[PDB]
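Take a look at the structure set out below.
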RNA sequence: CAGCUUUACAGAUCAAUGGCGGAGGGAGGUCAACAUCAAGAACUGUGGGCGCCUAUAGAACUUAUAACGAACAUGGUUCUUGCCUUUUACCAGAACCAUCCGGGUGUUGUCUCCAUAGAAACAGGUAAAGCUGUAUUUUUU
RNA sequence: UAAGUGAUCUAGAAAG
Ligand SMILES: [Mg+2]
């Protein structure tokens, strides 16, 4: 099974960042993920390529359109790796 | 092979008996650790006026 | 424990206990009173041992034999056990005679069975000279016991007595130490040992003669033997202080002893 | 010692310290069934030897019922129910002298 | 039937880098010497932070109805007991203590019985062992 | 209508 997916799952709870193919970055508490990176977040900001920020409550995001997901540095320490 | 068989035939049980000057009838008996200082003096505690004997 | 596993450290034949288990168990019902009493006694003996844990020497690696080996004066062979026993009997006998002769009393004659007794009737001075004490007598008793077990094995070796018979003889010796030869006279804590042996006999015989009837021919000397071995352990020390002391005296006999007023007598 | 009864210690005693439980003990225990006779005799010898409140309770019950009825069917206002209840009470009083 | 890691293989240029390297025994003795095995559940060092924290690590053995013993003796001392009346020799309990018969573990050293090679991986094959695999919406059609 | 199960100390030798 996908180790990045696993990592993402683990990160559940944390304040993750999230950019799409469109280039619109989000940053907030990760709620839920799946095998395909079907992310959900809570209490999340949303900045476009221009730079104008927009706050929002509950966002769901589809893994296909997701570019990359930034997790906090805490999960580097442990423990799903080895 | 049943461990529960040794109920009140444990070493611990024996020790307790010895301490309390109380023979489990099957098992051994010893000189009491402590001399039975019979000096209750008919107190209001542990009296036969007070306790029940069911 | 014993069979649960399929690997282990080896215990000494001494350090196995085959009687123990029975007495630990609740006694089998419809036994006589005496047997029950014996069982109880055994339990008590066990329990006391358990209770007071005698934790052994941290320091002392140097056992007696090792030290001896480290000298040039001992050398070592492999010997038949009966032969060894015989040697012990002879050597022991020699020792007791030699010591006795040194003491001057040549009129107390040792049997080769170790029963010491006097040749004539001793005059009073002679008697005074020649009263051996609790050390020497104990040693003699021990030697006698050894001879008895060794003697039985010798007999067995010779065509004189069957293997079963030999076993039975051994068992008898170990139980009857008390009657067979006075140790108890000289050291009356051997009485405990004797009692233990008796108890074992009572237990063992009742186990062994269940469907089978009353009679002589019960072997199974092991627990009795073990008991005697353990008794001997205690003695080793006591005898080494006692017998050793005596021999020291014989070579170099005390200068200025100090009496002690903690005695009831002489205090006032 | 077993059930508080055995001789404390075997030593000193100058005896086995053996303890048969007695069969007089049983006898002593038992005659409340079989002393019993005496008790029976004794027994034989000494063998031969509000409405207003209720009404009030009833009234209370009636009142409660009335209240319930009022609650059920058109009595959001208190005055009506209270009035009716009062009337009922009066009636009850009349009935009981 | 693909892929990579290791042995068994030729003949290599042999750099490159690894890993087995000052590359050299094994099995055992009723064989030793030493260390160490009852303590804050308890181990030992290492530096660093400054007798104590924080990372490193190491750790053989013995322990939870608590112990080196699935085993059980004997002493000595007090105190209390018992047989007793003098003591030893004893009764049986207690508290401290010791002695003893044993036990491991580790390190050496020996004694015995069997034995003897100082260099192989890379380009990839030949053969065998370890694991993975079996285009129509979220990964590569 | 229901009795009657079990608790069992010891234990000798010297000198005086
Ligand atoms: Mg005198």
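Cβ coordinates were reconstructed from backbone atoms using ideal geometry, including for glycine residues, and neighbour counts include every protein chain displayed. Values in this text are rule-based calculations from the coordinates and carry no lab data.
Figures for the structure shown
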quantity: Helix C:81-103 vs. chain C, principal-axis angle (Cα, 0 to 90°, nearest 10); calculated: 30 degrees
quantity: Within the protein assembly as shown, helix-based [θ] at 222 nm, where runs of 4 or more DSSP H residues each add -39,500 (n - 2.57), nearest 500; calculated: -15000 deg cm²/dmol
quantity: Rounded tilt (10° steps) of C:163-180 against the dominant C-alpha axis of chain C; calculated: 50 degrees
quantity: Rounded FRET efficiency, nearest 0.05, which uses the C-beta distance separating residue C:134 from residue D:18 and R0 of 45 Å; calculated: 0.80
quantity: Among A:36-44, B:6-14, the order from most to least packed when residues are scored by Cβ within 10 Å on average; calculated: A:36-44, B:6-14
quantity: Shielding score for D:13-20, defined as the mean number of other chain Cβ atoms within 10 Å; calculated: 1
quantity: Quotient of C-alpha Rg and 2.2 N^0.38 Å, computed over chain D; calculated: 2.94
quantity: Volume per residue of the C-alpha convex hull in chain A, rounded to whole Å³; calculated: 79 Å³
quantity: Max mean-square fluctuation residue, GNM over chain C, Cα-Cα springs under 10 Å, options C:13, C:163, C:224; calculated: C:13
quantity: Partner chain coverage, peptide B:20-32 - average Cβ within 10 angstrom; calculated: 6
quantity: 0 to 90° range, to nearest 10: angle between helix B:11-20 axis and chain B longest Cα axis; calculated: 20 degrees
quantity: Peptide C:45-53 - average C-beta neighbours from other chains (10 Å radius); calculated: 3
quantity: Cβ crowding within 10 Å averaged over residues, with D:25-34, B:40-49 ranked highest first; calculated: D:25-34, B:40-49
quantity: Which of B:5, C:184, D:2 has the fewest Cβ neighbours within 10 Å, and the rest in rising order; calculated: B:5, D:2, C:184
quantity: Footprinting exposure proxy for C:81, C:228 (fewest neighbouring C-beta atoms within 10 Å first); calculated: C:81, C:228
quantity: Overall Cα dimensions of chain C - principal axes, largest extent first, Å; calculated: 62, 57, 45
quantity: The protein assembly as shown: equivalent-ellipsoid semi-axes (sqrt of 5 x gyration tensor eigenvalues, Cα, Å); calculated: 85, 53, 25
quantity: Relative contact order for chain A, counting Cα pairs under 8 Å that sit 6 or more residues apart, in percent; calculated: 31 percent
quantity: Order of C:122, C:55, C:43 - criterion: other Cβ atoms within 10 Å of each residue's Cβ, fewest first; calculated: C:55, C:122, C:43
